[PDB]
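Asks: First the structure, then my questions, so here it is.
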Amino acid sequence: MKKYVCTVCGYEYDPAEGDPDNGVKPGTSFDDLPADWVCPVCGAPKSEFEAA
Ligand SMILES: [Zn+2]
């Protein structure tokens with residue numbers, strides 16, 4: 001149950017509701033997220049996502 005925020009745009013990701021805008025299920029945590037995931041804002045790796 002950890003949230004993160006992009007360090008490029010400044011958008012926060014809510015794994016609680018998932019990202020259906022991309023096709024991600026509402027039951028997928030950040031650790032569950034895919035390895036080919038990218039910010040829904042720009043499209044950067046988790047390497048750009050830190051802990052809120
Ligand atoms: Zn971003």
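In the structure tokens, chains take the letters A, B, ... in the order shown, each chain's residues start at 1, and ligands count up from 1 in the order shown.
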Contacts of stretch 9-24 of chain A at 9 Å or less, counting only C-alpha atoms, minus same-chain residues fewer than 6 places along, as JSON, numbers by chain?
Replies: {"A": [1, 2, 3, 30, 33, 34, 39, 40, 41, 42, 49, 52]}
Asks: Would you output that residue set with N, CA, C and O atoms, as a short mmCIF file (atom, residue, chain, number, x, y, z; two decimals), in the first residue's frame?
Replies:
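Resulting contents of selection-v9.cif:
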data_model
loop_
_atom_site.label_atom_id
_atom_site.label_comp_id
_atom_site.auth_asym_id
_atom_site.auth_seq_id
_atom_site.Cartn_x
_atom_site.Cartn_y
_atom_site.Cartn_z
N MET A 1 0.82 -1.20 0.00
CA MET A 1 0.00 0.00 0.00
C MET A 1 0.87 1.26 0.00
O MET A 1 0.84 2.04 0.95
N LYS A 2 1.62 1.42 -1.08
CA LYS A 2 2.49 2.58 -1.22
C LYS A 2 2.16 3.31 -2.52
O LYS A 2 1.94 2.67 -3.55
N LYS A 3 2.14 4.63 -2.43
CA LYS A 3 1.85 5.45 -3.59
C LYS A 3 3.14 6.11 -4.09
O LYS A 3 4.12 6.20 -3.35
N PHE A 30 1.48 -1.25 -7.39
CA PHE A 30 2.65 -0.76 -8.09
C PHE A 30 3.69 -1.87 -8.27
O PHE A 30 4.40 -1.90 -9.27
N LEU A 33 2.30 -4.03 -10.93
CA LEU A 33 2.35 -3.41 -12.24
C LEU A 33 3.32 -4.18 -13.13
O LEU A 33 4.19 -4.89 -12.64
N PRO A 34 3.13 -4.01 -14.47
CA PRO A 34 3.98 -4.68 -15.44
C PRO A 34 5.36 -4.02 -15.51
O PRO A 34 5.55 -2.91 -15.00
N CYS A 39 4.45 5.98 -17.35
CA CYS A 39 3.61 7.03 -16.83
C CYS A 39 2.50 7.31 -17.86
O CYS A 39 2.77 7.40 -19.05
N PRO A 40 1.25 7.45 -17.33
CA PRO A 40 0.11 7.71 -18.19
C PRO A 40 0.10 9.17 -18.66
O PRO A 40 -0.76 9.57 -19.44
N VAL A 41 1.08 9.92 -18.17
CA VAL A 41 1.19 11.32 -18.53
C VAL A 41 2.15 11.46 -19.72
O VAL A 41 1.76 11.93 -20.78
N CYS A 42 3.38 11.03 -19.50
CA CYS A 42 4.40 11.10 -20.53
C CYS A 42 4.69 9.67 -21.01
O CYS A 42 4.33 9.30 -22.13
N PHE A 49 9.58 7.35 -10.89
CA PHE A 49 8.54 7.38 -9.87
C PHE A 49 9.14 7.16 -8.48
O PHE A 49 9.84 6.17 -8.25
N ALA A 52 5.65 9.00 -2.66
CA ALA A 52 4.96 10.23 -2.30
C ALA A 52 5.44 10.71 -0.94
O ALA A 52 5.05 11.78 -0.47
#
Asks: Mind listing the strand (DSSP E or B) residues of chain A, per DSSP on the backbone, as a PyMOL selection string?
Replies: chain A and resi 4-6+12-13+49-51
Asks: Given the selection you just returned, output its residues as a file containing N, CA, C and O atoms, formatted as an mmCIF file, in the first residue's frame.
Replies:
data_model
loop_
_atom_site.group_PDB
_atom_site.id
_atom_site.type_symbol
_atom_site.label_atom_id
_atom_site.label_comp_id
_atom_site.auth_asym_id
_atom_site.auth_seq_id
_atom_site.Cartn_x
_atom_site.Cartn_y
_atom_site.Cartn_z
ATOM 1 N N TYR A 4 3.097 6.540 -5.343
ATOM 2 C CA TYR A 4 4.252 7.182 -5.949
ATOM 3 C C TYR A 4 3.826 8.371 -6.814
ATOM 4 O O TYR A 4 2.645 8.532 -7.117
ATOM 5 N N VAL A 5 4.813 9.174 -7.186
ATOM 6 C CA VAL A 5 4.554 10.343 -8.009
ATOM 7 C C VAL A 5 5.659 10.475 -9.060
ATOM 8 O O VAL A 5 6.813 10.136 -8.800
ATOM 9 N N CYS A 6 5.266 10.968 -10.226
ATOM 10 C CA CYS A 6 6.209 11.148 -11.318
ATOM 11 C C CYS A 6 7.065 12.378 -11.014
ATOM 12 O O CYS A 6 6.582 13.350 -10.437
ATOM 13 N N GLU A 12 0.440 11.866 -9.720
ATOM 14 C CA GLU A 12 0.454 10.762 -8.774
ATOM 15 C C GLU A 12 -0.385 9.598 -9.304
ATOM 16 O O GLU A 12 -1.413 9.812 -9.945
ATOM 17 N N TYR A 13 0.085 8.393 -9.018
ATOM 18 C CA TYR A 13 -0.608 7.195 -9.459
ATOM 19 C C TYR A 13 -1.405 6.569 -8.313
ATOM 20 O O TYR A 13 -0.896 6.436 -7.200
ATOM 21 N N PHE A 49 9.576 7.353 -10.893
ATOM 22 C CA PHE A 49 8.543 7.382 -9.870
ATOM 23 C C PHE A 49 9.143 7.158 -8.481
ATOM 24 O O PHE A 49 9.839 6.170 -8.253
ATOM 25 N N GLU A 50 8.849 8.090 -7.588
ATOM 26 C CA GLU A 50 9.350 8.007 -6.225
ATOM 27 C C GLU A 50 8.194 7.787 -5.247
ATOM 28 O O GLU A 50 7.041 7.664 -5.661
ATOM 29 N N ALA A 51 8.542 7.744 -3.970
ATOM 30 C CA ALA A 51 7.547 7.540 -2.930
ATOM 31 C C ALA A 51 6.961 8.892 -2.519
ATOM 32 O O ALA A 51 7.692 9.788 -2.098
#
Asks: So, with only C-alpha atoms and all ligand atoms as the atoms that count, which of A:47, A:37, A:31, A:8 lies closest to ligand 1?
Replies: A:8
Asks: Give the answer as one residue: which of A:48, A:25, A:38, A:32 has the shortest atom-to-atom distance to residue A:7, using only C-alpha atoms?
Replies: A:48
